[PDB]
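Just below is one structure, and these are the notes that go with it.
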Amino acid sequence: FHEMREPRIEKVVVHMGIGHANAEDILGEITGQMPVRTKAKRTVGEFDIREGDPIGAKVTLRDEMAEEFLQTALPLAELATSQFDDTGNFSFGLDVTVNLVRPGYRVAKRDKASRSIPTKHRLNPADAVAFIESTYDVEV
Amino acid sequence: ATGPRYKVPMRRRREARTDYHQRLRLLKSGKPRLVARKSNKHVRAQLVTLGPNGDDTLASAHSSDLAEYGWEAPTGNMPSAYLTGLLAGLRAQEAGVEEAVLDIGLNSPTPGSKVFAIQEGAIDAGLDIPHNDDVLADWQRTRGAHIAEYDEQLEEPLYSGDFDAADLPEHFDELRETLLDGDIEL
Amino acid sequence: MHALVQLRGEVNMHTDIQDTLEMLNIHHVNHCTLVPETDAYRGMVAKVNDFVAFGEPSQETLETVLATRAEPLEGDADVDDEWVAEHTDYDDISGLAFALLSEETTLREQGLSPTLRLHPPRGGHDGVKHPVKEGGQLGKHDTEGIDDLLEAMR
Amino acid sequence: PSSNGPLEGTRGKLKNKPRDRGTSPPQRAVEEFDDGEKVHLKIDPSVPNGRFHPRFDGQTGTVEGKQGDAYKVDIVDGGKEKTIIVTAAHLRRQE
Amino acid sequence: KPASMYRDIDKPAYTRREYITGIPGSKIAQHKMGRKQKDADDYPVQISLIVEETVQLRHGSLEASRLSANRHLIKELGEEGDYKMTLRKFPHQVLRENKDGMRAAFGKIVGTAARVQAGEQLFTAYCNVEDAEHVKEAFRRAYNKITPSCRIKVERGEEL
RNA sequence: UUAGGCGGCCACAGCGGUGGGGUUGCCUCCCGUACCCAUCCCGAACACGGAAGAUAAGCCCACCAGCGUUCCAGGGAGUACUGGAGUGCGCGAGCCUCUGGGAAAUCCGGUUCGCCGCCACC
RNA sequence: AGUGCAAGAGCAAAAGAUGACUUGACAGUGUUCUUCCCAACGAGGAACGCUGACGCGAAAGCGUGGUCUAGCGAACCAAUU
RNA sequence: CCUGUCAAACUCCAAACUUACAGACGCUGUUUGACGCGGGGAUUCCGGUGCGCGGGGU
Ligand SMILES: [Cl-]
Ligand SMILES: [Cl-]
Ligand SMILES: [Mg+2]
Ligand SMILES: [Mg+2]
Ligand SMILES: [Mg+2]
Ligand SMILES: [Mg+2]
Ligand SMILES: [Mg+2]
Ligand SMILES: [Mg+2]
Ligand SMILES: [Mg+2]
Ligand SMILES: [Mg+2]
Ligand code: NA
Ligand code: NA
Ligand code: NA
Ligand code: NA
Ligand code: NA
Ligand SMILES: [Sr+2]
Ligand SMILES: [Sr+2]
Ligand SMILES: [Sr+2]
Ligand SMILES: [Sr+2]
Ligand SMILES: [Sr+2]
Ligand SMILES: [Sr+2]
Ligand SMILES: [Sr+2]
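Listed in order, the protein sequences are those of chains D, N, W, Q and H.
Under PDB author numbering, read the first sequence as residues 10 to 29, 35 to 107, 128 to 174, first letter to last.
PDB author numbering puts the first residue of the second sequence at 1, with every later residue one more than the last.
PDB author numbering puts the first residue of the third sequence at 1, with every later residue one more than the last.
PDB author numbering puts the first residue of the fourth sequence at 1, with every later residue one more than the last.
Under PDB author numbering, read the fifth sequence as residues 4 to 102, 114 to 174, first letter to last.
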C-alpha cells in the first residue's frame, strides 16, 4: 500500500518573468538543459502592444535533472507554511516551482482513457511538507 | 451534473475512448474498419463492420492467441504487432472480407509504429487497405532486428524468462511461413 | 349503434362539419342515418355534436321508423315485412332492426337507402340553440329521449 | 416578414434543446436508405452541411435515389412536387 | 390623463427594458410599510385588499391609494405602530401615448402600470386584534383611488 | 468480460461517496531509452523496449440518493389554457353552460448510482 | 471564450487557439432547392453531383472561399481571354 | 437564509391545435371516367360584415 502512495517530484519549473531575452544563458548553466521562450496574451498599457513576443523563459526538469537541481536550490530559500498549494506544490523566489504527486499521475496526463485523479489520491498540503522535510531540510 | 441545462458528453467521449469526429470520417468510406488497438503487454486487431444495435466484429486477433501457433517470445512488440495483423487479415479472408480502412483510435500516426505494422500485416494477408508505403517501418524493424542489436549491448540480459540469450528475429520468419501456408487451423 | 338526425341547416355552418354530414350520408335537415359505434365514427359525431341529435334507439322505435321511413336504394317501394323478406337476409323488420343495433349489417348492405328521411317533429322539438342538458334538442340523448324525437318524426 | 431570407422565422426549428447540444452521433449520419423508403425530414441543428430549405421541416418524403452521398427525396409541397437533396444526418426512417 | 385610456388589458405585454428607452420613474415611494423588521407570522390578524376585476393600475393610482391607506395607519396607530402593510404588485407594464395624425402612430413612453388579475391581493396588512377596524378603514380609503371594485377579506382572524 | 476490444441509445448513464478485487492469466499504474518516433524545454506526453514491484490511482465488482436527471403513484387539477356550439349573463373589459381535449409550478411517496449489441477470454 | 460586421442560430480531442505546409477564392458541366410557400417569373444565391487538375493527410477524408442566413445588376456598346 | 414582483423581441416546462406521410372506416370514381395531363375563352387584381385570434391607436 505504502510504496504506491509515497510522493515524488514530477516537474521543477524554473521561470523568469521579465517583460521584454538576455537571461536565457543563466538558466542553461544552472539547470543543465535547454530553455524555452514565454509569450503573452491581451494588450497591456505598459508598452506591451505585441501579442506574440518573448516576455520571459522557462525550463521544466524531469527525473535526475530535477533532483540534482534541488540539492542546490532548496538551501537558497526559507520555506513557509503559507507558501504551499492545496494540491501540495510550492513556489519560491527567479521563480522555482516544484510539482509533487503520487505514483499514478499518468492516468491524468495520458491520451487513451484518461481520468482525473480522485481527491483521496491527490496530495495534501501536510503530506507534501513531510516528504520534503524527510529530505535534507526544515519546515515551518 | 450542475442543472437541467448542463450537457454531459457522449458515454464513449466521457470515457475518453472514442474520437467521434475521426469515427465519422472513417465510416464515410463504407468499408469495414481495421481496428488496431495496443496494450502494454499485448496487441489487438479487429475487423469491424457497422450494425443496427452497435458495431459488429467479423474477425478479431489478439497477440495472446498467437502462441497457439508457435510463439514463445513477448507479445507487445513490433514482430508480434505485424503477426497479429497478418492473423487478423487471414481470418478476415475466410469470413468474406476483401477490403478495409485503418482505424488507429486515440493512437498517434507516428511513422513506423506498431499500429502501422498491424496494417502492413493485414495488407500482406490479402486485404485491400488504403496505405502509404513510406510511413510503414523498414522490413528489418518489423522482424525485430532493433531488439537484437540492443541485445548486442548485453552484459545483463534483456529478457528475464528464458527464451534465448542473443535473441532470435528468425522466429518472425518461422511464423510468417506458418501463417502463409494454407493448411493452418485458423 | 347511434341514430343521427340533422336538426340545424347548412347555412353559416363550417365546411368541414357540413362535409362530415355528407360523409355520414345525411344531406338535408330532418334526415337520419344509422351509424355504428367505432372509434372512427365517434370522431365524426363529436364534430357534428352541435348540429345534430343522436343516441341509441330502442328496438321498438327503430322498427316503427324503418316501417314508415325506410326506402330502397332506388325507388318508391314501401319497406314492410314482405319487402324485407324478399330482398334482405332477414325475415321481417324486427330481424333487420336487431342486426342494425347489434352492428351485424348496414342499410346499404341490404339494398336500402342509408338515409331515413323523417317528417318534422309533431308538437315540435326542444330547440336548436341549446343541448339536452340545458333543455334543448342538440347532442347526445337518452334511449328514451331519442325515441321521443324519432317517434315524433314518424 | 421583414426580410425574405432562408433562415427567417427559424429561431426555434434550427436551435437545439440545451441537452441535445454539441456534435451529433455518426450512426444516423452514415445511415443507408433504399429507394422507395419513406423518410422524415428534420434538420439536425448540430450538423451544418447537407441541409434542405427550412420550410420543408416535418415533411415525410420518399427516397428516389441518391446524388453522391446525399439523397434525392420526393415530397409534395402543397400541390407541387419537389425533389429534395438531403444527407442522412437530417433524415429519420418512418416507423 | 384619465385611467380609461390605460385600465383594460388590450395591448401586449410591453415590459422589456432592453428594447424600451425613456421610461418614467415609479411614483411609488415605498413597498414595505410599518415595522419591516418584524415578521408576518408574528401577527394574529392578516387582512388583504382583493381586486375584483382584471385591471391595469398606473403608478400614480398605486401611489395615491397607498399614500391614503398608510397615512390613516400612521394617524390611528402611530408612526412607529404595531403593523406592517405590503404592496405586492409592481409596475412592469410600460405605457405609451400618441402625442402628426394616425401616420407613424406608435406612441412615446408616458408611464408604467401594474397588471393585477381578478381575485388577486393588491395590498396585505398584518395587524393585531385591537387594530383590525382601523385597517379595514385604511383599505376603504385605498379602494376609492383605484379602478375596480374591491373585497376586504380577513385571511387569519376568527376574533368576531 | 477474475479486471478486455469495438460500439448503439447519448445523464435512467451526471456530481459526490463507501466497501471489495488480481504469481507464470487480463487491464493498468509501473521499470527503462539502443533503436522507429518525440518534445518551439522537458522518454512529462507521444513513440519504442521491458517485467523488479503494486492493487494505492485508473479500470472491473458490490452498494449509498445528499445534488442533478428519467419515469411512476398520489395531491395540486379536470384547476390554468383550449378546438366546436349557444336569442346564456355582464354598461363594459369580461364571464358562463354544453361538447371534445388538457397543462405547469410545487409538496409527499416510489424509481433512477445506466440499459443493450458484436467480438474475444477459465 | 472565441469564431471580421446586425440579429438569431452552429461549434470543445472543434467550426475556437497555436504552429507548419498550402492556394479548392481552381477549370468545365450539371442536379435540386431558393429567388417566387402554395403557384407562373429573370439576375442573384445555396445545397448536392460528375469530368479535369491540384493541396493536405498514414488514411478514411476534407477543400466548389470566410460556421449559417445580407455584401447585388438585363439588353445594346466597349475593353479583355 | 428569509421575503415581494415580471417579460412581443426569456425558457427547466408546456397544451388545446395546426401540419407531413401511411393504414383503416367513411364518402367518391372506373356507361355520370374521378385523380392527372394538354389546349381555347375569360372575368378578376377599389371589396365589405359577423365571429375567433390578433398588431397600431384614448
Ligand atoms: Cl489502443
Ligand atoms: Cl431544399
Ligand atoms: Mg331514392
Ligand atoms: Mg303545431
Ligand atoms: Mg324553440
Ligand atoms: Mg417563435
Ligand atoms: Mg481496493
Ligand atoms: Mg350582452
Ligand atoms: Mg444603355
Ligand atoms: Mg473593359
Ligand atoms: Na447534438
Ligand atoms: Na406628416
Ligand atoms: Na518562439
Ligand atoms: Na486498483
Ligand atoms: Na436561378
Ligand atoms: Sr388593442
Ligand atoms: Sr374603485
Ligand atoms: Sr518512465
Ligand atoms: Sr363604462
Ligand atoms: Sr381524459
Ligand atoms: Sr461552409
Ligand atoms: Sr397557425
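Where a beta carbon is used, it is the ideal one built from N, C-alpha and C, also for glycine.
Where the alpha helix (DSSP H) containing residue i begins and where it ends
i: residue 102 (chain W); result: First-last for residue 102 (chain W): undefined, no H or E at that position.
i: residue 44 (chain H); result: Premise fails: residue 44 (chain H) is in no alpha helix (DSSP H) and is neither H nor E.
i: residue 42 (chain D); result: 39-44
i: residue 51 (chain W); result: First-last for residue 51 (chain W): undefined, no H or E at that position.
i: residue 21 (chain N); result: 20-27
i: residue 85 (chain D); result: 78-87
i: residue 82 (chain N); result: 78-93
i: residue 45 (chain N); result: Careful: residue 45 (chain N) lies outside any alpha helix (DSSP H), inside the beta strand (DSSP E) at 43-49.
i: residue 114 (chain N); result: 114-124
i: residue 171 (chain N); result: 170-180
Where residue i falls, given that 16 or more other Cβ within 10 Å makes a residue buried
i: residue 56 (chain Q); result: buried
i: residue 86 (chain H); result: buried
i: residue 133 (chain D); result: buried
i: residue 73 (chain H); result: buried
i: residue 40 (chain W); result: exposed
i: residue 70 (chain D); result: buried
i: residue 15 (chain H); result: exposed
i: residue 22 (chain H); result: exposed
i: residue 80 (chain Q); result: exposed
i: residue 61 (chain Q); result: buried
i: residue 21 (chain N); result: exposed
i: residue 59 (chain H); result: buried
Three-state class that DSSP yields for residue i in the structure shown
i: residue 52 (chain Q); result: coil
i: residue 133 (chain D); result: strand
i: residue 33 (chain D); result: The gap in chain D between 29 and 35 takes in residue 33 (chain D), so it carries no coordinates here.
i: residue 2 (chain Q); result: coil
i: residue 51 (chain D); result: strand
i: residue 64 (chain H); result: helix
i: residue 143 (chain D); result: helix
i: residue 57 (chain H); result: coil
i: residue 149 (chain H); result: helix
i: residue 32 (chain N); result: coil
i: residue 153 (chain N); result: coil
i: residue 97 (chain H); result: strand
i: residue 73 (chain W); result: coil
i: residue 17 (chain Q); result: coil
i: residue 62 (chain D); result: strand
Short CB-CB distance (under 9 Å) between residue i and chain Q
i: residue 4 (chain N); result: yes
i: residue 78 (chain N); result: no
i: residue 23 (chain N); result: yes
i: residue 58 (chain N); result: no
i: residue 31 (chain N); result: no
i: residue 9 (chain N); result: yes
i: residue 50 (chain N); result: yes
Within-9 Å CB hit, residue i to chain N
i: residue 148 (chain D); result: yes
i: residue 30 (chain D); result: Chain D lacks coordinates between 29 and 35, the interval that contains residue 30 (chain D).
i: residue 62 (chain D); result: no
i: residue 69 (chain Q); result: yes
i: residue 76 (chain Q); result: no
Residue-level contact to chain D via CB, residue i, 9 Å cutoff
i: residue 160 (chain N); result: no
i: residue 53 (chain N); result: no
Limits of the beta strand (DSSP E) - the one that residue i falls within
i: residue 105 (chain D); result: 104-106
i: residue 129 (chain H); result: 122-130
Problem - Below 6 Å from a heavy atom of ligand 1 - residues by beta-carbon - result: D:146, N:37, N:38, N:105 and N:107
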